[PDB]
>>> print(open('data-v4.pdb').read())   # PDB, C-alpha atoms
ATOM      1  CA  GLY A   1     -21.143  59.599 -44.115  1.00  0.00           C
ATOM      2  CA  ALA A   2     -23.509  56.764 -44.932  1.00  0.00           C
ATOM      3  CA  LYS A   3     -25.097  54.824 -42.086  1.00  0.00           C
ATOM      4  CA  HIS A   4     -26.470  52.076 -44.321  1.00  0.00           C
ATOM      5  CA  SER A   5     -22.966  51.324 -45.593  1.00  0.00           C
ATOM      6  CA  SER A   6     -22.163  49.642 -42.302  1.00  0.00           C
ATOM      7  CA  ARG A   7     -22.484  46.170 -43.799  1.00  0.00           C
ATOM      8  CA  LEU A   8     -18.886  44.993 -44.032  1.00  0.00           C
ATOM      9  CA  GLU A   9     -15.880  45.879 -41.861  1.00  0.00           C
ATOM     10  CA  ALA A  10     -17.315  48.724 -39.774  1.00  0.00           C
ATOM     11  CA  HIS A  11     -20.749  47.186 -39.307  1.00  0.00           C
ATOM     12  CA  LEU A  12     -21.285  48.900 -35.961  1.00  0.00           C
ATOM     13  CA  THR A  13     -18.446  50.366 -33.913  1.00  0.00           C
ATOM     14  CA  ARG A  14     -14.619  50.403 -33.973  1.00  0.00           C
ATOM     15  CA  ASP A  15     -14.582  47.164 -31.960  1.00  0.00           C
ATOM     16  CA  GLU A  16     -16.938  45.694 -34.541  1.00  0.00           C
ATOM     17  CA  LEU A  17     -14.669  46.918 -37.303  1.00  0.00           C
ATOM     18  CA  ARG A  18     -11.656  44.881 -36.202  1.00  0.00           C
ATOM     19  CA  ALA A  19     -13.887  41.922 -35.346  1.00  0.00           C
ATOM     20  CA  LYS A  20     -15.343  41.807 -38.856  1.00  0.00           C
ATOM     21  CA  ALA A  21     -11.828  42.061 -40.249  1.00  0.00           C
ATOM     22  CA  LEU A  22     -11.096  39.145 -37.931  1.00  0.00           C
ATOM     23  CA  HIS A  23     -13.790  36.945 -39.497  1.00  0.00           C
ATOM     24  CA  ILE A  24     -16.092  37.447 -36.478  1.00  0.00           C
ATOM     25  CA  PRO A  25     -19.717  36.874 -37.644  1.00  0.00           C
ATOM     26  CA  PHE A  26     -21.576  37.675 -34.434  1.00  0.00           C
ATOM     27  CA  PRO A  27     -21.636  41.403 -33.519  1.00  0.00           C
ATOM     28  CA  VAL A  28     -19.572  42.713 -30.599  1.00  0.00           C
ATOM     29  CA  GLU A  29     -22.934  43.763 -29.145  1.00  0.00           C
ATOM     30  CA  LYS A  30     -23.751  40.077 -28.751  1.00  0.00           C
ATOM     31  CA  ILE A  31     -20.247  39.012 -27.706  1.00  0.00           C
ATOM     32  CA  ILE A  32     -20.204  41.219 -24.614  1.00  0.00           C
ATOM     33  CA  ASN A  33     -23.583  39.753 -23.692  1.00  0.00           C
ATOM     34  CA  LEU A  34     -23.144  36.096 -24.678  1.00  0.00           C
ATOM     35  CA  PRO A  35     -23.531  33.832 -21.620  1.00  0.00           C
ATOM     36  CA  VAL A  36     -21.063  30.970 -21.106  1.00  0.00           C
ATOM     37  CA  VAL A  37     -23.470  28.604 -22.876  1.00  0.00           C
ATOM     38  CA  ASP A  38     -23.507  30.767 -26.024  1.00  0.00           C
ATOM     39  CA  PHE A  39     -19.783  31.169 -25.647  1.00  0.00           C
ATOM     40  CA  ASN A  40     -19.498  27.387 -25.457  1.00  0.00           C
ATOM     41  CA  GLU A  41     -21.626  27.033 -28.582  1.00  0.00           C
ATOM     42  CA  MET A  42     -19.284  29.453 -30.335  1.00  0.00           C
ATOM     43  CA  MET A  43     -16.164  27.392 -29.703  1.00  0.00           C
ATOM     44  CA  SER A  44     -18.048  24.120 -30.041  1.00  0.00           C
ATOM     45  CA  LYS A  45     -19.971  24.629 -33.269  1.00  0.00           C
ATOM     46  CA  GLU A  46     -17.902  27.256 -35.058  1.00  0.00           C
ATOM     47  CA  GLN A  47     -14.148  27.405 -35.559  1.00  0.00           C
ATOM     48  CA  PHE A  48     -11.862  30.347 -36.192  1.00  0.00           C
ATOM     49  CA  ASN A  49      -8.171  31.262 -36.160  1.00  0.00           C
ATOM     50  CA  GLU A  50      -6.383  32.018 -32.892  1.00  0.00           C
ATOM     51  CA  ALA A  51      -6.539  35.741 -33.606  1.00  0.00           C
ATOM     52  CA  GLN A  52     -10.289  35.599 -34.073  1.00  0.00           C
ATOM     53  CA  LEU A  53     -10.866  33.510 -30.955  1.00  0.00           C
ATOM     54  CA  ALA A  54      -8.823  35.936 -28.950  1.00  0.00           C
ATOM     55  CA  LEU A  55     -11.104  38.827 -29.837  1.00  0.00           C
ATOM     56  CA  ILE A  56     -14.238  36.829 -29.021  1.00  0.00           C
ATOM     57  CA  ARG A  57     -12.768  36.121 -25.591  1.00  0.00           C
ATOM     58  CA  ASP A  58     -11.819  39.793 -25.248  1.00  0.00           C
ATOM     59  CA  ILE A  59     -15.213  41.289 -26.114  1.00  0.00           C
ATOM     60  CA  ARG A  60     -16.802  38.639 -23.925  1.00  0.00           C
ATOM     61  CA  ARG A  61     -14.443  39.519 -21.067  1.00  0.00           C
ATOM     62  CA  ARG A  62     -14.977  43.281 -21.309  1.00  0.00           C
ATOM     63  CA  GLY A  63     -18.716  42.708 -21.490  1.00  0.00           C
ATOM     64  CA  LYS A  64     -18.423  40.804 -18.244  1.00  0.00           C
ATOM     65  CA  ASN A  65     -17.588  43.977 -16.326  1.00  0.00           C
ATOM     66  CA  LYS A  66     -16.044  42.349 -13.266  1.00  0.00           C
ATOM     67  CA  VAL A  67     -12.584  43.884 -13.527  1.00  0.00           C
ATOM     68  CA  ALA A  68     -13.090  45.364 -10.046  1.00  0.00           C
ATOM     69  CA  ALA A  69     -12.442  48.932 -11.205  1.00  0.00           C
ATOM     70  CA  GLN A  70     -13.916  50.093  -7.910  1.00  0.00           C
ATOM     71  CA  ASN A  71     -12.127  51.343  -4.806  1.00  0.00           C
ATOM     72  CA  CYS A  72     -11.683  47.757  -3.597  1.00  0.00           C
ATOM     73  CA  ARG A  73      -9.870  47.746  -0.261  1.00  0.00           C
ATOM     74  CA  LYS A  74      -7.450  44.934  -0.986  1.00  0.00           C
ATOM     75  CA  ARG A  75      -4.120  43.663   0.337  1.00  0.00           C
ATOM     76  CA  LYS A  76      -2.393  43.915  -3.029  1.00  0.00           C
ATOM     77  CA  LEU A  77       0.597  46.045  -2.109  1.00  0.00           C
ATOM     78  CA  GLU A  78       2.568  46.116  -5.347  1.00  0.00           C
ATOM     79  CA  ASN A  79       4.071  49.556  -4.796  1.00  0.00           C
ATOM     80  CA  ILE A  80       1.534  51.800  -3.082  1.00  0.00           C
ATOM     81  CA  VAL A  81       1.473  53.878   0.077  1.00  0.00           C
TER      82      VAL A  81
END
>>> encode(input="data-v4.pdb", output="structure tokens")
Amino acid sequence: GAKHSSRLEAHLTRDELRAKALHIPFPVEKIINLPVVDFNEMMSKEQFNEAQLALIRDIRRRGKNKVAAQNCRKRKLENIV
């Protein structure tokens, strides 16, 4: 395929693809990395639909890898032995 045809829609990766279709200007690369202040600027200065805002939050959240996908000895006994 063409690599220089990554202007619209699929500008970078699959996540970028849906983001661009969702009117997201800033690349997912940035969104994962945007600090709260940049994230505040986003909501403050710019304005999008709910769908679009949801993705920004999502990429941001996944970029902030603090989901605790470690062993994590916790007392969260949902249904485990």
>>> axis_aligned_box(input="data-v4.pdb", around="segment 48-59 of chain A", padding_each_side="8 Å", output="lines of an AutoDock Vina configuration file")
center_x = -10.8
center_y = 35.8
center_z = -30.7
size_x = 24.8
size_y = 26.9
size_z = 26.9
>>> closest_residue(input="data-v4.pdb", among="A:22, A:34, A:80, A:8", to="residue 61 of chain A", atoms="all atoms listed in the file")
A:34
>>> closest_residue(input="data-v4.pdb", among="A:64, A:76, A:18, A:3", to="residue 30 of chain A", atoms="all atoms listed in the file")
A:64
>>> atom_distance(input="data-v4.pdb", atom1="atom CA of residue 9 of chain A", atom2="atom CA of residue 21 of chain A")
5.8 Å
>>> atom_distance(input="data-v4.pdb", atom1="atom CA of residue 59 of chain A", atom2="atom CA of residue 27 of chain A")
9.8 Å
>>> closest_residue(input="data-v4.pdb", among="A:71, A:52, A:13, A:5", to="residue 29 of chain A", atoms="all atoms listed in the file")
A:13
>>> resolve_selection(input="data-v4.pdb", expression="the PyMOL selection byres ((chain A and resi 28) around 12)", output="ChimeraX atom specification")
/A:10-20,22,24-27,29-34,55-63
>>> atom_distance(input="data-v4.pdb", atom1="atom CA of residue 38 of chain A", atom2="atom CA of residue 50 of chain A")
18.5 Å
>>> closest_residue(input="data-v4.pdb", among="A:23, A:66, A:75, A:7", to="residue 48 of chain A", atoms="only C-alpha atoms")
A:23
>>> decode(input="data-v4.pdb", residues="segment 22-74 of chain A", atoms="C-alpha atoms", output="JSON list (two decimals), in the first residue's frame")
[["chain", "number", "residue", "atom", "x", "y", "z"],
["A", 22, "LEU", "CA", -14.51, 11.02, 15.01],
["A", 23, "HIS", "CA", -13.28, 14.54, 14.17],
["A", 24, "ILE", "CA", -10.23, 14.12, 16.45],
["A", 25, "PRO", "CA", -7.49, 16.52, 15.20],
["A", 26, "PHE", "CA", -4.68, 15.60, 17.58],
["A", 27, "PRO", "CA", -3.08, 12.18, 16.90],
["A", 28, "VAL", "CA", -3.69, 9.26, 19.26],
["A", 29, "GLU", "CA", 0.08, 9.33, 19.77],
["A", 30, "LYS", "CA", -0.37, 12.67, 21.53],
["A", 31, "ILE", "CA", -3.60, 11.74, 23.30],
["A", 32, "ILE", "CA", -2.04, 8.86, 25.23],
["A", 33, "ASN", "CA", 0.73, 11.24, 26.27],
["A", 34, "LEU", "CA", -1.21, 14.46, 26.90],
["A", 35, "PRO", "CA", -0.83, 15.56, 30.54],
["A", 36, "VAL", "CA", -3.91, 16.76, 32.45],
["A", 37, "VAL", "CA", -3.05, 20.36, 31.52],
["A", 38, "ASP", "CA", -3.11, 19.56, 27.78],
["A", 39, "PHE", "CA", -6.21, 17.51, 28.39],
["A", 40, "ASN", "CA", -7.74, 20.53, 30.12],
["A", 41, "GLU", "CA", -6.79, 22.74, 27.18],
["A", 42, "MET", "CA", -8.52, 20.26, 24.88],
["A", 43, "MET", "CA", -11.87, 20.47, 26.64],
["A", 44, "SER", "CA", -11.41, 24.15, 27.44],
["A", 45, "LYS", "CA", -10.37, 25.58, 24.09],
["A", 46, "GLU", "CA", -11.79, 23.05, 21.64],
["A", 47, "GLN", "CA", -15.24, 21.49, 21.55],
["A", 48, "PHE", "CA", -16.44, 18.23, 20.05],
["A", 49, "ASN", "CA", -19.42, 15.87, 20.13],
["A", 50, "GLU", "CA", -19.88, 13.42, 23.00],
["A", 51, "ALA", "CA", -18.63, 10.57, 20.83],
["A", 52, "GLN", "CA", -15.44, 12.44, 20.04],
["A", 53, "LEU", "CA", -14.82, 13.45, 23.64],
["A", 54, "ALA", "CA", -15.27, 9.88, 24.72],
["A", 55, "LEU", "CA", -12.45, 8.69, 22.49],
["A", 56, "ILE", "CA", -10.11, 11.45, 23.68],
["A", 57, "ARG", "CA", -10.76, 10.32, 27.24],
["A", 58, "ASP", "CA", -10.23, 6.70, 26.18],
["A", 59, "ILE", "CA", -6.90, 7.16, 24.41],
["A", 60, "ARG", "CA", -5.81, 9.37, 27.28],
["A", 61, "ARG", "CA", -6.85, 6.70, 29.79],
["A", 62, "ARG", "CA", -5.12, 3.83, 27.99],
["A", 63, "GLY", "CA", -2.02, 5.96, 27.63],
["A", 64, "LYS", "CA", -2.07, 6.40, 31.38],
["A", 65, "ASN", "CA", -1.20, 2.74, 31.94],
["A", 66, "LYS", "CA", -2.33, 2.48, 35.55],
["A", 67, "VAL", "CA", -4.97, -0.21, 35.09],
["A", 68, "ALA", "CA", -3.07, -2.37, 37.59],
["A", 69, "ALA", "CA", -2.71, -5.29, 35.18],
["A", 70, "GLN", "CA", -0.10, -6.70, 37.53],
["A", 71, "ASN", "CA", -0.43, -9.52, 40.05],
["A", 72, "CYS", "CA", -1.76, -7.07, 42.64],
["A", 73, "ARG", "CA", -2.50, -8.90, 45.88],
["A", 74, "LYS", "CA", -5.85, -7.32, 46.63]]
